[PDB]
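Novice: Input coords16.cif, format and content: mmCIF, C-alpha atoms and all ligand atoms.
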data_final
#
loop_
_atom_site.label_atom_id
_atom_site.label_comp_id
_atom_site.auth_asym_id
_atom_site.auth_seq_id
_atom_site.Cartn_x
_atom_site.Cartn_y
_atom_site.Cartn_z
CA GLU B 14 5.09 5.71 10.64
CA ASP B 15 3.22 2.94 8.87
CA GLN B 16 0.44 0.89 10.42
CA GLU B 17 1.15 -2.28 8.46
CA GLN B 18 4.67 -2.01 9.81
CA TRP B 19 3.28 -1.89 13.33
CA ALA B 20 1.62 -5.23 12.69
CA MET B 21 5.00 -6.71 11.85
CA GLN B 22 6.01 -5.73 15.36
CA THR B 23 4.25 -8.63 17.05
CA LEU B 24 3.45 -10.65 13.95
CA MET B 25 7.11 -10.81 13.01
CA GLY B 26 8.09 -10.38 16.65
CA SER B 27 6.54 -13.80 17.14
CA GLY B 28 10.01 -15.04 16.29
CA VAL B 29 9.06 -15.91 12.73
CA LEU B 30 11.41 -13.37 11.21
CA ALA B 31 14.75 -11.99 12.35
CA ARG B 32 15.43 -8.37 13.20
CA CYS B 33 18.58 -6.49 14.12
CA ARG B 34 18.73 -4.87 17.54
CA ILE B 35 20.17 -1.87 15.75
CA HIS B 36 17.52 -2.09 13.05
CA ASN B 37 13.94 -2.28 14.27
CA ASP B 38 12.65 -1.13 10.90
CA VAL B 39 14.41 -3.97 9.11
CA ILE B 40 13.09 -7.42 8.30
CA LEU B 41 15.29 -10.47 7.88
CA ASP B 42 14.27 -13.88 6.59
CA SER B 43 14.68 -16.74 9.03
CA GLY B 44 12.83 -19.56 7.32
CA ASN B 45 10.71 -20.52 10.30
CA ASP B 46 7.09 -21.61 10.43
CA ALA B 47 5.51 -18.79 8.44
CA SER B 48 2.09 -20.30 9.03
CA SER B 49 2.33 -19.30 12.67
CA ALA B 50 3.42 -15.81 11.68
CA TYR B 51 0.45 -15.47 9.35
CA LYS B 52 -1.90 -16.56 12.11
CA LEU B 53 -0.26 -14.21 14.58
CA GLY B 54 -0.62 -11.53 11.94
CA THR B 55 -4.33 -12.10 11.50
CA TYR B 56 -4.72 -12.36 15.25
CA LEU B 57 -3.20 -8.96 15.93
CA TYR B 58 -4.55 -7.45 12.74
CA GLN B 59 -8.08 -8.24 13.87
CA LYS B 60 -10.06 -10.88 15.73
CA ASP B 61 -11.61 -13.77 13.84
CA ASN B 62 -12.85 -11.85 10.82
CA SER B 63 -13.80 -15.11 9.17
CA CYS B 64 -16.59 -13.87 6.92
CA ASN B 65 -17.73 -14.06 3.32
CA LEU B 66 -15.59 -12.77 0.48
CA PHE B 67 -16.13 -9.47 2.27
CA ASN B 68 -13.10 -9.98 4.47
CA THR B 69 -10.04 -11.32 2.69
CA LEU B 70 -7.16 -12.71 4.72
CA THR B 71 -5.12 -12.60 1.53
CA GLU B 72 -4.47 -8.99 2.44
CA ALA B 73 -2.60 -9.95 5.60
CA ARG B 74 -0.92 -12.91 3.94
CA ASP B 75 0.12 -10.52 1.19
CA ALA B 76 1.30 -8.05 3.81
CA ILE B 77 3.78 -10.51 5.28
CA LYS B 78 4.19 -12.26 1.94
CA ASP B 79 5.09 -8.89 0.48
CA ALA B 80 7.42 -7.82 3.26
CA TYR B 81 8.94 -11.29 3.35
CA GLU B 82 9.33 -11.44 -0.42
CA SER B 83 10.47 -7.83 -0.31
CA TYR B 84 13.38 -8.56 2.00
CA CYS B 85 13.51 -12.18 0.92
CA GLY B 86 17.05 -13.19 0.01
CA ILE B 87 18.53 -11.59 3.10
CA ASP B 88 19.36 -13.61 6.19
CA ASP B 89 21.52 -10.89 7.70
CA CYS B 90 21.23 -7.12 7.66
CA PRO B 91 23.74 -5.70 5.16
CA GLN B 92 24.11 -2.64 7.35
CA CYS B 93 25.99 -4.58 10.00
CA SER B 94 28.00 -6.06 7.16
CA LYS B 95 28.41 -2.58 5.73
CA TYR B 96 29.31 -1.11 9.10
CA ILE B 97 31.36 -1.94 12.17
CA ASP B 98 29.84 -3.80 15.10
CA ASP B 99 30.87 -1.98 18.26
ZN ZN H 101 22.19 -4.84 11.92
#
Can you give me the file's structure in the form of structure tokens?

Specialist:
Amino acid sequence: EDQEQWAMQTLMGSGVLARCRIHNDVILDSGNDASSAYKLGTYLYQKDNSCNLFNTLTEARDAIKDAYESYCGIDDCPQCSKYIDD
């Protein structure tokens, strides 16, 4: 398992993104307030780490920005569209 993926749990679970009940390891783009997601991400990731260049929030933003941009272009899991929905 991946840690960064664990973050997505709550971060993304904040309702920012969309996930399939059959796919908990999948990320779908919703187009909701990402700002909130980012905050939620930093919140879970670690308390207020607001410090000098030392700590860079860009990492987190890139984490979600990466995952988001990674799955970006998908508003619905193709699996369900590639399979039958019991
Ligand atoms: Zn699905």

Novice: Go through B:61, B:17, B:38, B:89 one by one, measure the shortest atom-to-atom distance of each to residue 73 (chain B) using all atoms listed in the file, and give the residue with the smallest value.

Specialist: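 Ranking B:61, B:17, B:38, B:89 by distance to residue 73 (chain B), first place goes to B:17.
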
Novice: Select, from B:20, B:47, B:41, B:33, the residue with the minimum atom-to-atom distance to residue 85 (chain B), counting all atoms listed in the file.

Specialist: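 Closest residue, counting all atoms listed in the file: B:41.
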
Novice: Counting all atoms listed in the file, which protein, DNA or RNA residues come within 9 Å of ligand ZN 101 (chain H), given as an MDAnalysis selection string?

Specialist: chainID B and resid 32:37 39 89:94 96 98

Novice: Out of B:72, B:31, B:24, B:86, which residue has the shortest atom-to-atom distance to residue 52 (chain B) when counting only C-alpha atoms?

Specialist: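 Answer, going by the shortest atom-to-atom distance: B:24.
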
Novice: Please report the interatomic distance between CA of residue 84 (chain B) and CA of residue 40 (chain B) in Å with one decimal.

Specialist: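 About the pair CA of residue 84 (chain B) and CA of residue 40 (chain B): they are 6.4 Å apart.
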
Novice: Which residue out of B:29, B:76, B:66, B:97 has the minimum interatomic distance to residue 50 (chain B) when only C-alpha atoms are used?

Specialist: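 Ranked by minimum distance to residue 50 (chain B), first place goes to B:29.
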
Novice: Which residue, B:87, B:81, B:70, B:26, has the smallest gap to residue 58 (chain B) when you use all atoms listed in the file?

Specialist: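 Closest to residue 58 (chain B), using all atoms listed in the file: B:70.
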
Novice: Excluding residue 30 (chain B) and its own-chain neighbours fewer than 3 positions away, which residues fall within 6 Å of it when counting all atoms listed in the file? Please give them as a PyMOL selection string.

Specialist: chain B and resi 25+41-43

Novice: Between CA of residue 48 (chain B) and CA of residue 67 (chain B), what is the distance, to one decimal in Å?

Specialist: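 Value for the CA of residue 48 (chain B)-CA of residue 67 (chain B) distance: 22.2 Å.
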
Novice: To one decimal in Å, tell me the separation between CA of residue 77 (chain B) and CA of residue 63 (chain B).

Specialist: 18.6 Å

Novice: Have a look at B:15, B:74, B:44, B:79 and name the one nearest to residue 56 (chain B); count only C-alpha atoms.

Specialist: B:74
